[PDB]
Amino acid sequence: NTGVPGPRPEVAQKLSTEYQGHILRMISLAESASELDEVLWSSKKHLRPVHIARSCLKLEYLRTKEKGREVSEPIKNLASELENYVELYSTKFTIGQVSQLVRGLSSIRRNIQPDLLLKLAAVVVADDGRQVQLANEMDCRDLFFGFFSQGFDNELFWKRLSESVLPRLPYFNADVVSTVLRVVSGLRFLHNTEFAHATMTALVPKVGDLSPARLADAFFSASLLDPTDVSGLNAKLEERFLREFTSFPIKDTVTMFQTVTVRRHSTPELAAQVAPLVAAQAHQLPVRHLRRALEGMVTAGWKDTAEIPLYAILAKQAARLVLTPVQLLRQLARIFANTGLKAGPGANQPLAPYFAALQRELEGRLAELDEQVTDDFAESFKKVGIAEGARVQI
Amino acid sequence: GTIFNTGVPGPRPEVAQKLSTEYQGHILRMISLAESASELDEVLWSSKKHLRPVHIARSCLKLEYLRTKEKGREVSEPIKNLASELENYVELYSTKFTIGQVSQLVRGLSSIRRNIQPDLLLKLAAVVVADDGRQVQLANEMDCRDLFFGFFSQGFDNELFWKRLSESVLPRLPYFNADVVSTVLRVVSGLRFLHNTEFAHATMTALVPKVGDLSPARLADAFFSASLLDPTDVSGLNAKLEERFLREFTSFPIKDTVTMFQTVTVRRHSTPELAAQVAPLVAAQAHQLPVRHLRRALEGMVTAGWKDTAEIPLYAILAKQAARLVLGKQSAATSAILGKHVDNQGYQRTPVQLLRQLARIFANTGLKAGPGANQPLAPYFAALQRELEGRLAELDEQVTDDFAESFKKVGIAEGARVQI
Amino acid sequence: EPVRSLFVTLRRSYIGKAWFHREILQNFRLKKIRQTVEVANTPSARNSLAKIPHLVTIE
Amino acid sequence: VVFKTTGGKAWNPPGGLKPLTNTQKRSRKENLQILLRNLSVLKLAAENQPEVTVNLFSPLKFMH
Amino acid sequence: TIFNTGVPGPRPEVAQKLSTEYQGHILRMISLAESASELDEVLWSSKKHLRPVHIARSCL
Amino acid sequence: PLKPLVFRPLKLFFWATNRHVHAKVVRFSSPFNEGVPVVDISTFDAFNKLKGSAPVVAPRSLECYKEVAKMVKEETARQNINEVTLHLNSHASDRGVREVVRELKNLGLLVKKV
Amino acid sequence: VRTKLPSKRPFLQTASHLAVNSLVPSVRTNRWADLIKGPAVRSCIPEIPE
Amino acid sequence: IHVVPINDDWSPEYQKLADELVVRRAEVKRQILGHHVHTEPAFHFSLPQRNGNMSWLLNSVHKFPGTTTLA
Amino acid sequence: XXXXXXXXXXXXXXXXXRXXXXXXXXXXXXXX
Amino acid sequence: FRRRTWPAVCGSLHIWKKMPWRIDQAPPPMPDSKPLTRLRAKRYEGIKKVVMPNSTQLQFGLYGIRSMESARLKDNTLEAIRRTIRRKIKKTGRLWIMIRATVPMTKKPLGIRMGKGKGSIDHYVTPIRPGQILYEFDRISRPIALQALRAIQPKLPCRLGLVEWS
RNA sequence: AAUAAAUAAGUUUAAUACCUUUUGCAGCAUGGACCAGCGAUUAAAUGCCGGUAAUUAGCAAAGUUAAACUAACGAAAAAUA
RNA sequence: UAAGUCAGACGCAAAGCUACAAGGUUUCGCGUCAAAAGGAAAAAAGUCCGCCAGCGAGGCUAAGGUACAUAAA
RNA sequence: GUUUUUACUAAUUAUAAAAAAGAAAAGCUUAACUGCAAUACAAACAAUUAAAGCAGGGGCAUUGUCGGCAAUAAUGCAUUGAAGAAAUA
RNA sequence: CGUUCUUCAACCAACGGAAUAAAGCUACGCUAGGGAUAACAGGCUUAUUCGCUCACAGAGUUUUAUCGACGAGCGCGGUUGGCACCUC
RNA sequence: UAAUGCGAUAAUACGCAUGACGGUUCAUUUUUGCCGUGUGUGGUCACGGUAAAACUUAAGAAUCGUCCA
Ligand SMILES: [K+]
Ligand SMILES: [K+]
Ligand SMILES: [K+]
Ligand SMILES: [K+]
Ligand SMILES: [Mg+2]
Ligand SMILES: [Mg+2]
Ligand SMILES: [Mg+2]
Ligand SMILES: [Mg+2]
Ligand SMILES: [Mg+2]
Ligand SMILES: [Mg+2]
Ligand SMILES: [Mg+2]
Ligand SMILES: [Mg+2]
Ligand SMILES: [Mg+2]
Ligand SMILES: [Mg+2]
Ligand SMILES: [Mg+2]
Ligand SMILES: [Mg+2]
Ligand SMILES: [Mg+2]
Ligand SMILES: [Mg+2]
Ligand SMILES: [Mg+2]
Ligand SMILES: [Mg+2]
């Protein structure tokens, strides 16, 4: 705290005490959801909007170690308890605090009540977007992704935010611009607009400053948003991938390869693409990424080779994960059928493990199967060569 | 402070001026100023050797005031124990009370839902009706009013008791206040054997020139009773009561307006006043509408035929209000605390009968609950499922079928929880 | 293998000990030499036992 | 212990406090080993604490 | 005057058995039990002071 | 003899530099949170406005001080702000600041020191 | 503090917290430690036979 | 040195909430202490009234209230 | 280990060492 | 452990904190030539047992003498030591004196009972801390320094050592 | 301090009276030679606080003494009509 | 309990007074005695271990001991 | 006591008080009041200490402050005697 | 004549101040008490006193023959003191 | 915080001007000592503190000097 006059009395008149720092330290020191609950129980009467905002981010940090399992019960209980404070302080938050509230609750895959989201949106709807200026770059990237993840669709909110952020787009970091680009591609009322053109242009000179994950997202969003390269993003993004094809993680390499393939720019690079997958197939390939890999390889037209039976390994990996939504299972089966490989006739066929796992899973979830679903599976089963109404050999 | 030791609150000038006086009656003031059940018990314990019937009558009456303070919950243990001890003194002095003292005794014990023993209750009744009620003449209006309602709440249905009481009070009906007459009318309606007696007609006639003096609460009750007692409106009370309600539609509290509105709808006198009726409900919905009155509002509006409007979704808010009452969630906001909202009183278990009635009424409204993501009736049924899950033991075959019919009517029959 | 509980046995008498150390023994409900109690393994219990390691034996 | 060597009260024999014998030294060594052992055990307990605390029955808590 | 700093923490949780002073409360404890597991713990803590009257009442 | 602090939702601040005078109006919800600036007018804006129409000598002139006060009055009136509390500090005693405050009071804005 | 009279500070603080709790409801309504509290057991080890 | 409101409420409506809390606190204390810790005096006479408030100073003559008529 | 050690001791009838049907197999308590 | 209450941790009035002299580790300053005071002191002011810092060295000379123990020396003792050192070393020797007796001590005459106030000044003393350097020498050889050390050791109640600059 | 606990009856081991007064007495501080008899919070009136009962008390004998009690905010609406 | 008490003592650890003396004197933190039998150091108020409802020719230990006195290498 | 100005930031028996504060200079004033007071510090008791707030009549400002003085010492129970005013007899 | 309110004064400075005021002698003394408290003796302490060792400066003048010091340490319980533990 | 800062008419329209060298003022808890409490035959013990006192190597910021290597 200082009494010296200055240009920004808004951020200089804030009162900071030792007691507030004491509570914030306890929140950060908590190492588990069980410990964090006890910290909040002791401090019930001494929680302020800053403490509530920080706690929501703590839930995001705590759940990162629980990579495999779903959201734990104590995390859900904490989220419900915190929401009681959010409603109480709905009109006492800053734009920076609201930014980190939505991100924290969105990372736990929780949905905020529509009445509460409307109240929190007043930070950017009131004062003609003056408060947007107070927000820094880190706040802006969380506001776009946080509200987008919540499913909040309000034209006035998004129109005002876009207008107040347009001047600063060229001077944001590359990753932040990529985040905004992905959000725009997901909103129909922002396609082919000045905001979209400005965002694409600002990214043109910042292509080389993107991180692998953000680089893949930008290329995916750019391809859908701008089929015709009127901004030059696609050419630059493709060039960077070619130069650094082997320098990116597997999941990023799969995403870019699929996007390039669907752009009808396939090249004889399959030999280079296959080797990374077999080297790292049992890891760095969740169900979503495996589907993208299958679509890209099948669309490109690579044929199974004796040296590297990629399809055989992929089928085994798919079976391991199954042993999921029926739609994903149906889509995977169709892609395998389009591959042109047999499963039933041969004793040891590349696709045999997948279909065998599929039959076992369907038997346990026969209630979910519908007439259309059964017909689609039957077509896939007929295509691969299993139509006798008998279980797979394996 | 300076007068007393550390931690002792300073004197209140209002209380100090009452206790410091040249006149006697110290014990009566001490019991009258008691602020809790435990405090009153200590006063009686330390003054046992000097208690008299007048002290016992006041003590039982105080139980009414202490209960009112502790609202939002049932009768507490200290109140019950205090009532039990007072009963022993009533038996001891049962032969020394006057008509006025007996009237106060019954009223206080009735307000706490305490059932006087039949043998003792008979003795108290005998005192009032002894000598053909010739001693009832030396009583004021309040004493007569408490006699009628106090015994009726107890459930005393002795025909000879009521016959003698009615005969003595009959000549004085024209000279009683409007509120006193309204209380008498309520008792007459509840007693079937007096429905067609001359006493009922005399009461209705006596109330004709005193309609304007009725309080909003008594006025609402009088209109309810008159509808059942005189469906032909021969006395003209219903016409006069309806006229006053129309003139002063917005001058009464929400609870009285809802009760009168429901009575009009069941009388098939509906008029294009729904627009005027809807706005007060939405204006004051979080307060002045407990579970019982919320059901009354739904029945009146549904019977009248009001339909959901875009500007004012009355049915949608009522579902949220019903869900709030069932769950019992409270709010710490300063406005809610200072506004004394009913929803912040706490949690009170409601009979399953009301839950079935509300569910049926919502189903008859014609609105959906399940299909839409945000439907007017979504919050109520979601709260209902949570509440029923914790009280499965009370569910039987008939209750389950009744809810199932309501669930199908609204459009939830897939065996899945409500979205909200 | 998680440690779920601790066993504490008293070794020394109350005579000649400071009054602020006798309170700890009374909270654990140890009154006689060679008497044993079983307590839950919690951080608050371990902190108290660290103030009187010379009066008891812990396992 | 007493260190004072003056006065008419003979807390110690002439010459002051006497040095420890071999048995006394061995006695004091073992008293310290027990104390060090207790602190080592508390370290093991802290490194192997379970997530959920065990609930132990007590008749007096049950009554109230 | 002050030998410990901070707010006193939670009391330790100690497993205890019934003492001879409370032998007359066994019948009350049986009545207050609300489950088989609780009754099993009540009898176990009072094992050294069980009498034929207590065994008969438990079966009831 | 320092007086106790009193919390106010709307406060007026001045920043006097070598070259210009800056005025801000900030709204607060609590002392522990940052405020929201609702008005931001300096003699730099007035100089650019007047110089086009009426020549002025420099930003720190009587003409610009009155112009800044007028612009502040319009913004507060549009936002329905009629009463503010002035934050007193070393810069508050500058001659340029005092002229602006006097003009604001005459225009109709109620400025309170305590 | 010099006086030997017993202090009433704990009484004065309790009266303040009780008044606030009576009138102002709390925001939280659950405690995880209470929710997952397990059944009471006699001991954590097998019994020693005689 | 600062005093922070209960729920960080700095609105001007907090003053009335504080007034109610003061009244409640006195009631809590009287309940805990018991009835035999008297908090008001009860004399065999009434205290004089001056300027509409209660006064501890006596008048020259003691008289019963309301026991005299005009003239 | 506590469960795997309680079972072994439980599977031992020490009261059967004072029943005259005993041999040198009723005292082989430790190692079966 | 620190003996304070929770209100003291937050609102202590001891804003300007000074370490007490009895335990302060700062080296004592060089002696000055101010006149001796006539104000009685307390006995603690003449005693200090905390050791010297672990960075003490010679400041001016090449050789010196240090004390391995704490002690309290009177003015008479210092004068005798000064004459012994001057005679032993030479007339053409450089000597630095780093100590001086400045703390008054009181005493009462024989035949006086206890009480009736404090006594009058009798002599002056100075505290000595372990490891402190008392004298420094220059323009001499190492053997001469050893001779000075042996000359004064019988005249002092504490063990002494030699310090050299390197 | 003339006894105690044991014993193969030879013996072995343990062991500085009491009262009064004191920070502290085997006390080199106080009192007692021994036995029998005598020798020290009692009664009245009044007040305060517990316990146990009477269910106002005393006279007189359909009428009198003593004590005790004697207004504090008339605040509840529980009708599956 | 509207009772008794308002003569205190020493050990370890600090400070004032005395002479960084007293089994001195004045405050202060803990313990013991006072009002505490039993065991070890020679006898042993205040040091070390340890708190006696009663009996017994059972067993395990604390402080301290384990060529004789005097139980145990 | 309270308003305005600024090339000033001291002093007390002693003392690292204090910059939206003080000191000095200029102007107007008597709150160095009447009747009450939640809640606390301290404390064997007696007394001693701080004080939000309510009504009346005022001062300087023009909606803030004033129930004496930077703060920490300048004192004395009850009784008896005396004075001003008011109410009885 | 009495009561209440607004106020003050005197001695209380032995300053919680009251029996209105108010000095001495006793070796002519008397009674009730204390080793809770002094004088002789014992006890604890050792500043002081006394003795020894280191120190070998300085006088003697080759000799530490003899005399002898600043300063430091230790011992003794016989000098002058301190304490109030035993006995009124 | 270049709508900055400083100035010798000192006012601010005009003067110096944000780099570079030099000298001053402000991390494995830098790790050792030291202090406090507890226990103690007077230390082969435990924990904590030093934003109270001694003690290391940096990097940056604020002035100041400067035709600049
Ligand atoms: K002990
Ligand atoms: K004899
Ligand atoms: K006196
Ligand atoms: K004598
Ligand atoms: Mg002796
Ligand atoms: Mg041993
Ligand atoms: Mg004595
Ligand atoms: Mg004799
Ligand atoms: Mg005395
Ligand atoms: Mg005394
Ligand atoms: Mg002594
Ligand atoms: Mg005694
Ligand atoms: Mg053994
Ligand atoms: Mg032997
Ligand atoms: Mg007092
Ligand atoms: Mg005013
Ligand atoms: Mg003042
Ligand atoms: Mg005599
Ligand atoms: Mg003596
Ligand atoms: Mg003494």
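Here the PDB entry's recorded title is "Structure of the mitochondrial ribosome from Polytomella magna with tRNA bound to the P site".

Within the PDB entry, the label attached to chain C reads uL30m, and the organism entered is Polytomella magna.

Chemist: Help me understand the overall build of chain C in this model?
Modeler: Scanning chain C for helices and strands turns up 2 helices and 3 strands. Beginning at the N terminus, the succession of helices and strands in chain C can be written as β-α-β-α-β. Against the compact-globule benchmark of 10 Å for 59 residues, chain C has a radius of gyration of 11 Å, which places it among compact chains. Evaluated residue by residue, chain C yields a buried proportion of 42% over its 59 residues. A fraction of 67% describes how many contacts in chain C between residues 6 or more apart in sequence connect residues 24 or more apart. Counting only carbon and sulfur atoms, one obtains 50% of the accessible surface of chain C, whose full area is about 3400 Å².

Chemist: Got a minute to help me understand the interface of chain B and chain H in this structure?
Modeler: Often, the extent of an interface is quoted as the loss of accessible area upon association of its parts. At the junction of the two partners, chain B supplies 29 residues and chain H supplies 34 residues. Both sides of the chain B and chain H interface together cover about 2600 Å² of buried area, and 58% of this is carbon and sulfur. Of all residues in chain B, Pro9(B), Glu22(B) and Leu338(B) give up the largest surface area on contact with chain H, accounting jointly for 24% of the area buried on that side. At the surface where chain B touches chain H, the tally comes to 2 salt bridges. Ionic pairing is found between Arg30(H) and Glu35(B), a salt bridge with its closest N-O pair at 3.4 Å. One can count 12 residue pairs in polar contact joining chain B with chain H. Looking at the side of chain B that touches chain H, the elements with two or more residues in it are α1 (13-19), α2 (26-32), α3 (37-46) and α18 (334-339) of chain B. If you tally residues by element for the side of chain B that touches chain H, the top one is α3(B), at 5 residues. Residues of the side of chain B that touches chain H, tallied by class, amount to 14 nonpolar, 10 polar and 5 charged.

Chemist: It is not clear to me how the protein's contact with RNA strand O should be interpreted in this structure. Could you clarify?
Modeler: Around RNA strand O, the surrounding shell holds 31 residues, and the nearest of these are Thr17(F), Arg19(F), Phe1(J), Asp24(J) and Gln25(J). Among all atoms of RNA strand O positioned within 4 Å of the protein, those belonging to sugar or phosphate total 49%. Between RNA strand O and the protein, one listed contact pairs a phosphate oxygen with a backbone N or O atom of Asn18(F) at 3.0 Å. Between a sugar or linking oxygen of RNA strand O and a side-chain N or O atom of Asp24(J), the distance comes to 2.6 Å. Per-class residue counts for the surface near RNA strand O are 14 nonpolar, 10 polar and 7 charged.

Chemist: It is not clear to me how the sheet that holds strand β2 (residues 71-74) of chain J should be interpreted in this structure. Could you clarify?
Modeler: The strands that make up a sheet pair up through hydrogen bonds in the backbone, lying either parallel or antiparallel. All names here are of chain J. Reading across from one edge, β2-β5-β4 is the order of the 3 strands in this open sheet, with antiparallel pairing throughout. The sheet is open, and its two borders are formed by β2 and β4 (103-107), each paired with just one other strand. Across this sheet, the average inter-strand angle for adjacent strands is 45 degrees, counted without regard to direction. As defined by bridge partners, β2 adjoins strand β5 (residues 120-128) across 4 bridges and the pair is classed as antiparallel.

Chemist: Could you clarify how one ought to interpret helix α20 (residues 326-339) of chain A in this entry?
Modeler: One full turn of an α-helix is made of 3.6 residues, so residues set three or four places apart face in the same direction. Residues and elements named next belong to chain A. Over its 14 residues, α20 runs 20 Å from end to end, which matches the ideal 20 Å to within 8%, given 1.5 Å per residue. Of all 14 residues that make up α20, 10 are buried, and the element is covered over most of its length. Residues of α20 that are buried: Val 326, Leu 328, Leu 329, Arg 330, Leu 332, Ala 333, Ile 335, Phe 336, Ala 337 and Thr 339. Looking at the buried positions of α20, the neighbouring elements they touch are α18 (287-300), α19 (310-322), α21 (352-364) and α22 (371-384). Looking one or two places after α20, you find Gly 340, whose phi comes out positive at around 90 degrees.

Chemist: I keep staring at the protein's contact with RNA strand N and nothing clicks. Help me out?
Modeler: Around RNA strand N, 20 residues are found, and the nearest of them are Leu58(H), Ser60(H), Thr77(J), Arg83(J) and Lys155(J). Within the backbone of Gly7(D), a nitrogen or oxygen atom sits 3.3 Å from a phosphate oxygen of RNA strand N. Backbone polar atom of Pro154(J) to a base nitrogen of RNA strand N: 3.4 Å apart, as the coordinates give it. It is helix α2 (residues 75-89) of chain J that provides the largest number of residues to the surface near RNA strand N, a total of 4 residues.

Chemist: Looking at this structure, I do not really get the side chain of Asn344(B). What am I missing?
Modeler: Locating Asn344(B) in the fold gives a position in the loop between α18 and α19 (352-365). The residues touching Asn344(B), leaving out its near neighbours within four places in the chain, are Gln330(B), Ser331(B) and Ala336(B).

Chemist: Just checking my understanding: could you explain the arrangement of the chains for this structure?
Modeler: Contact analysis covers 16 pairs of chains in contact, and the most contacts occur between chains B and H. Where chain B comes nearest to chain E, the C-alpha atoms are still 17 Å apart, and the two do not contact one another. At the level of C-alpha atoms, the two units chain A and chain J stay apart, their nearest approach being 9 Å.

Chemist: Before we go on, may I ask you to explain the pairing of strand β1 (residues 10-16) of chain F in this structure?
Modeler: Where a strand is regular, its side chains alternate between the two sheet faces. All names here are of chain F. Counted residue by residue, β1 has 6 buried out of 7 residues, so it is predominantly covered. In this sheet, strand β2 (residues 21-27) lies alongside β1 in antiparallel orientation, the contact comprising 7 bridges. Note that in β2 the partner of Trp 15 across the bridge is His 22. Here 2 bridges tie β1 to strand β4 (residues 83-86), and the two strands are oriented parallel to one another. Considered in β4, the bridge of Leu 12 is made with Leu 86.

Chemist: How do you make sense of the pairing of strand β1 (residues 63-67) of chain J when you look at a structure like this?
Modeler: Residue and element names in this part refer to chain J. For β1, the tally of buried residues reaches 4 of 5 residues, placing the bulk of the element in the interior. When β1 meets strand β6 (residues 133-138), the two strands line up antiparallel, connected through 4 bridges. Across the sheet, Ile 65 pairs through a bridge with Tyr 135, a residue of β6. Note that β1 and strand β7 (residues 160-164) share 5 bridges and pair antiparallel. Looking at β7, one finds that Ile 65 is bridged to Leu 162.

Chemist: What is the right way to read the environment of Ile27(A) from this model?
Modeler: Residue and element names in this part refer to chain A. Checked against the element boundaries, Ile 27 lands in helix α2 (residues 18-29). Note on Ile 27: relative accessible area 3%, which makes it buried. In the structure, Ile 27 is positioned 14 residues away from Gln 13 in sequence and 25 Å away in space, judged by C-alpha atoms. Every residue in contact with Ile 27, bar those within four places of it in the chain, is listed here: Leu 36, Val 39, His 51, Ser 55 and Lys 58.

Chemist: Please explain the pattern of salt bridges as it appears in this structure.
Modeler: Two side chains that carry opposite charge are able to pair once their charged atoms sit near each other. In this structure the tally under the stated criterion is 57 salt bridges over all chains. The partner of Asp376(A) in a salt bridge is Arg330(A), and the shortest N-O contact between them spans 3.7 Å. Of the two residues, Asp376(A) is situated in helix α22 and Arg330(A) in helix α20; the sequence distance between them amounts to 46 residues. With a relative accessible area of 21%, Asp376(A) lands in the partly exposed category. Given a relative accessible area of 13%, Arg330(A) falls into the buried group. Between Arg267(B) and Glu242(B) there is a salt bridge, with the nearest N and O atoms lying 3.3 Å from each other. Separated by 25 residues along the polypeptide, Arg267(B) in the loop between α14 (254-266) and α15 (274-283) and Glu242(B) in helix α13 (residues 237-247) bring together distant segments of the chain. Taken individually, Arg267(B) and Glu242(B) each receive the classification buried, so the pair is uniform in this respect. Ionic contacts of the salt-bridge type, sharing partners, join the residues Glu60(A), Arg103(A), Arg141(A) and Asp142(A) into one network.

About the thresholds
- Residues numbered from 1 in each chain as written, not as in the entry; some residues may be left out.
- Chains lettered and ligands numbered in written order.
- Part of a larger assembly, values for the part shown.
- Heavy atoms only, no water.
- Residues with missing side-chain atoms left out of burial classes, pairs and counts.
- Helix = DSSP H or I, 4+ residues; strand = E, 2+ residues; numbered from the N terminus.
- Rg over C-alpha atoms; globule rule 2.2 N^0.38 Å.
- Buried < 20%, exposed > 50% of the residue type's maximum accessible area, 1.4 Å probe, protein only.
- Contact = heavy atoms within 4.5 Å.
- Areas by Shrake-Rupley, 256 points an atom, 1.4 Å probe, with all protein chains shown as cover.
- Buried area = accessible area lost by both parts, 1.4 Å probe.
- Salt bridge = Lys/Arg side-chain N within 4 Å of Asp/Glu carboxyl O.
- Polar contact = N/O pair within 3.5 Å; in protein donor to acceptor, adjacent residues only side chain to side chain.
- Nonpolar A, V, L, I, M, F, W, Y, C, P; charged D, E, K, R; others polar.
- Near = heavy atom within 4 Å.
- Pairing = 2+ DSSP bridges.
- Axes fitted to C-alpha atoms, helices over the stretch in contact; angles between N-to-C directions.
- Expected span 1.5 Å × (residues − 1).

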